[PDB]
Each structure stands twice: as C-alpha cells, then as structure tokens.
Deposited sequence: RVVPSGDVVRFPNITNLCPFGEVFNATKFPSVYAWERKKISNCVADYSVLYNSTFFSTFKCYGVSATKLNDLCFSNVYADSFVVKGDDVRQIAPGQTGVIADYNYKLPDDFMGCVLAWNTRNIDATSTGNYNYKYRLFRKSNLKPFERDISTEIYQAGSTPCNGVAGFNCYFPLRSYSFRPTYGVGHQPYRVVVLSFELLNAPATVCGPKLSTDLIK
C-alpha cells in the first residue's frame, strides 16, 4: 500500500508547535518524487541522509512530526539549535536522521484580525529532551513568591500565542513544518 503522505502534508488542520503531533508510518511503499520534485516548500534540508538516495532505501518505520512556527523560527527546527522553539517546544537530537520541510501558509493560517490559535511555549524550567513534548499550562514561577495557581508578579502564563497576520513580513508569517524522522516496512 502507498504511504499516506497526503494525510500529513495536505492536512487541513495543523497543530501548534508546543503540542506538535506525531504519526507513525508502518508497512507501506513510499513515493518521494511528490515531495522532492516540487518547488512548493520553502525549506527542504535533510540531515544524516540525502534527498535523493532515499528512493532506493528501506527503513523500519517513519515518524512524521507536524506543527506551525513563524518564518524566523524554522531555522531552529534543525540539529544543534538553542532558540525558544528548540528549547521549549520541539528539539531534535544531535544524531538526527531525516528531513525538515516547511512552506509558507500566509493565506490559510493568518487572518486579518489576528490568528491567535497557534501558540508556543515561552517559559519553562530547563530545556526539552530530543523529541519530547510538553502541553502543560501550569503557571510558570519566575520569582521566589509562589504563584498559587493565580499568575501575578513574577508569575507568567507559560504559553503565548503567535499573532499571525497576512500583512506581516515573510519572517513573521505562518509556516507549516513537517519533520520526517527515520528509525532503523517502508521502501521505495
């Protein structure tokens, strides 16, 4: 059977980066011609493997991570980054083997009145481990005074929402990212 790559890339709804979702790919044959011979993506950078030799290759299973970040935050979806997205939202291992694909979605993910659905984690105790996922909305305690559930002075809400608008610069417009992880069923 063909692997459902259209179910992740052409998916209508995409999740926030802090609550990124993962989809496992098991027994199916892949067709990477659709993903590689297309100028629709703005970023198409592979790590540990090449963008062409994958056609004659097999893996135990493929994991597809999908989320939405701003244009300038796409550089952090890469091995060895230390930004806010990489530390508190989505971190890749140093020995990552896969490809990161992103494309601009200004017309569907940014509204004139401000699309505040897409969020990200700004404050967190320590960084996330590789492939870790944190959806906790606990009040972040930045000070010594306890917060007791109510955010106040030195007590900030951990999540802040992206503020995507179609008039933003390209660096602040919404970009949908799909990270394909390779683990050693799926062949070319």
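Enquirer: Which parts of the deposited chain sequence are absent from the coordinates, listed in sequence order?
Expert: Model skips 1-15, 200-204, 209-217 of the deposited chain.
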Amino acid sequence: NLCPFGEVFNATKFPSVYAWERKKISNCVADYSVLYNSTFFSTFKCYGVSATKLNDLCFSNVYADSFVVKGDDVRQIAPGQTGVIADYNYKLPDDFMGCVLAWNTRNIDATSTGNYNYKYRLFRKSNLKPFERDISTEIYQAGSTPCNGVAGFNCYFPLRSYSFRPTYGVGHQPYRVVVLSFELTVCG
From here on, numbers count along this sequence of modelled residues.
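Enquirer: Would you mind comparing 30-38 and 133-141 for me and telling me which has the higher average C-alpha temperature factor in the entry?
Expert: Going by the record's values, the stretch with the higher mean is 30-38.
Enquirer: What stretch has the higher average Cα B-factor here, 20-28 or 161-169?
Expert: It is 20-28.
Enquirer: At the C-alpha atoms, which of 51, 151, 128, 69 reaches the highest B-factor in this entry?
Expert: Out of 51, 151, 128, 69, the record gives the largest C-alpha B-factor to 51.
Enquirer: Looking at 156, 63, 120, 59, which one carries the largest C-alpha B-factor according to the PDB entry?
Expert: So the option with the highest C-alpha B-factor is 59.
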